[PDB]
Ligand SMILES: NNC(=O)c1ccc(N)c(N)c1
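Shown next as structure tokens: one chain only, the form deposited without the named molecule.
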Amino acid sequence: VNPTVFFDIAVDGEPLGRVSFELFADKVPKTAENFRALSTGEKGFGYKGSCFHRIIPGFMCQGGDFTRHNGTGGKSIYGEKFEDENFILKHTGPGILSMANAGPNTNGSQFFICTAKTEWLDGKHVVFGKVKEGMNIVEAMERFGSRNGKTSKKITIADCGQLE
């Protein structure tokens, strides 16, 4: 019953592969719904064509800034920002999907995919999904990051949507 969404990832425009995520609507429905809708584009804006602007190997891949492409933009389907829904779920390891933010109750559209356990983020970032399929594609993306997060090739969501 939890929704599944996919990203088709490209590297300098070349198709890399597909990542699919289970969104934990059963535990964080509001946060899951934002990501789901941004992935289908059904509100007239969303993730299709956007980039992963900050990738730090051994840490995470961050994306979702579909307005400014650099970590300074993005918006939710509820308004520019929405609240931290809950912190039930923890950053337990690679594959965890969690909201980026700039303070309490500042969720927009930016998110990160963990490539390591990031327990120090527990209670600060809302975990709302996990990679279901294509963690290998996330690992391939990760290799284009760097210590300071700048990517050496352009990592984009060439297509995205809902499966099932």
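A residue's number is simply how far along the shown sequence it sits, counting from 1.
Asks: Quick one: say whether 110-118 or 34-42 has the higher mean Cα B-factor in the deposited entry.
Replies: The recorded data point to 34-42.
Asks: Mean CA B-factor: is it higher for 23-31 or for 98-106?
Replies: Higher mean C-alpha B-factor: 23-31.
Asks: Determine, from the deposited record, the chain-internal third of the Cα B-factor for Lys124: lowest, middle or highest.
Replies: Answer is middle: the recorded C-alpha B-factor places it there.
Asks: Which third of the chain holds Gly64 when residues are ordered by C-alpha B factor: lowest, middle or highest?
Replies: According to the entry, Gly64 has a C-alpha B-factor in the chain's lowest third.
Asks: Among the modelled residues of this chain, does the Cα B factor of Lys150 put it in the lowest, middle or highest third?
Replies: CA B-factor rank for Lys150: middle third.
Asks: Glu80: which third of its chain by C-alpha temperature factor?
Replies: Its C-alpha B-factor, which the entry lists for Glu80, ranks in the highest third among residues of this chain.
Asks: Quick check for you: using the entry's CA B-factors within this chain, is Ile157 in the lowest, middle or highest third?
Replies: Its C-alpha B-factor, which the entry lists for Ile157, ranks in the lowest third among residues of this chain.
The form deposited with the named molecule bound is left out here; the points below concern that form.
Asks: Is there a heavy atom of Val127 lying 4.5 Å or less from a heavy atom of the named molecule in the bound PDB entry?
Replies: No, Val127 is distant from the partner.
Asks: Is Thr72 close enough to the named molecule in the bound PDB entry to count, meaning some heavy atom within 4.5 Å?
Replies: Yes, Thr72 is a contact residue.
Asks: Taking heavy atoms only, is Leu97 within 4.5 angstroms of the named molecule in the bound PDB entry?
Replies: Although the named molecule is absent here, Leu97 would stay clear of it in the bound PDB entry, with no heavy atoms inside 4.5 Å.
Asks: Going by a heavy atom distance of 4.5 Å, is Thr40 a contact of the named molecule in the bound PDB entry?
Replies: Taking the distances in the bound PDB entry, the answer for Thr40 is no, it never comes within 4.5 Å of the named molecule.
Asks: In the bound PDB entry, which residues of 108-126 put a heavy atom within 4.5 Å of the named molecule?
Replies: Result: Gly108, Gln110.
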